[PDB]
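Data block below; observations after.
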Amino acid sequence: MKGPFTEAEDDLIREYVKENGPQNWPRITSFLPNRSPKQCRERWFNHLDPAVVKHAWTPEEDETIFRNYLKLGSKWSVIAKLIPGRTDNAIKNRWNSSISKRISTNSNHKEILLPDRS
DNA sequence: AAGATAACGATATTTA
DNA sequence: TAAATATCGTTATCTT
Numbered sequence: 052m053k054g055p056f057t058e059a060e061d062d063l064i065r066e067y068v069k070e071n072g073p074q075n076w077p078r079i080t081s082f083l084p085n086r087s088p089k090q091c092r093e094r095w096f097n098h099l100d101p102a103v104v105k106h107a108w109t110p111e112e113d114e115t116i117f118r119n120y121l122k123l124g125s126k127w128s129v130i131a132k133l134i135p136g137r138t139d140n141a142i143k144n145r146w147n148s149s150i151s152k153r154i155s156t157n158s159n160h161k162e163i164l165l166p167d168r169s
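If you're matching positions, the first sequence starts at 52 in the authors' numbering and goes up one per residue.
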């Protein structure tokens with residue numbers, strides 16, 4: 052199977068983990084025979100886990116992601132370790148869709164992040 | 001549509 | 001070295 056997960060699916064995962072843990076991902080074929088370990092792991096870490104955060108993007112967060120992108124590259128795994136609860140893919144999305152297109156000039160000539168308007 | 005967010009596919013990095 | 005998992009660009013899928 053491919054494409055977005057069903058709440059039924061999300062349940063098999065939560066079971067597996069609760070049961071075995073979030074690691075021996077290949078043998079999670081024992082459940083959801085139609086979904087790669089690869090894709091299940093991903094669903095957990097990025098979308099199911101207790102730690103994933105759900106509130107909108109605080110401009111604080113935006114600042115952080117920005118400030119490091121300037122110094123570091125697109126080293127998201129690293130940045131996702133600096134913003135508690137936000138995964139690495141989440142950040143990757145924040146920058147490409149929002150933060151990327153609101154960078155700007157300053158008058159001591161150093162880029163500054165505009166505040167979004169959505 | 002434009003504005004986000006979720007998942008794919010290829011590849012690199014960690015681990016036992 | 002190999003099998004397991006972690007990372008990242010691109011893309012498929014919402015959401016507004």
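Ideal placement from N, C-alpha and C gives every residue a C-beta, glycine not left out.
May I have the straight-line CA-CA distance separating residue i from residue j, to the nearest angstrom?
i, j, result
"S125", "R145", "12 angstroms"
"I116", "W95", "23 angstroms"
"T156", "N71", "51 angstroms"
"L164", "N97", "26 angstroms"
"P55", "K105", "18 angstroms"
Since residue i and residue j should fall inside the 8 angstroms C-beta cutoff, what is the C-beta to C-beta distance between them, to a whole number of angstroms?
i, j, result
"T80", "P88", "7 angstroms"
"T138", "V103", "6 angstroms"
"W108", "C91", "So it is not a contact: roughly 27 angstroms between Cβ atoms."
Starting from the C-beta of residue i, find all residues in its chain whose C-beta is less than 7 angstroms away, skip the five residues before and the five after it, and write them out in chain order.
i, result
"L99", "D61, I64, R65"
"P110", "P166"
"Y67", "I79, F82"
Out of the options, which one is the CA nearest neighbour of residue i?
i, options, result
"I150", "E114, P135, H160", "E114"
Closer than 8 angstroms by C-beta to residue i: which residues in its own chain qualify, once you throw out the five before and the five after it? Chain order, please.
i, result
"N85", "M52"
"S128", "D139"
Give a yes or no on whether the C-beta atoms belonging to residue i and residue j are separated by under 9 angstroms.
i, j, result
"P166", "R153", "yes"
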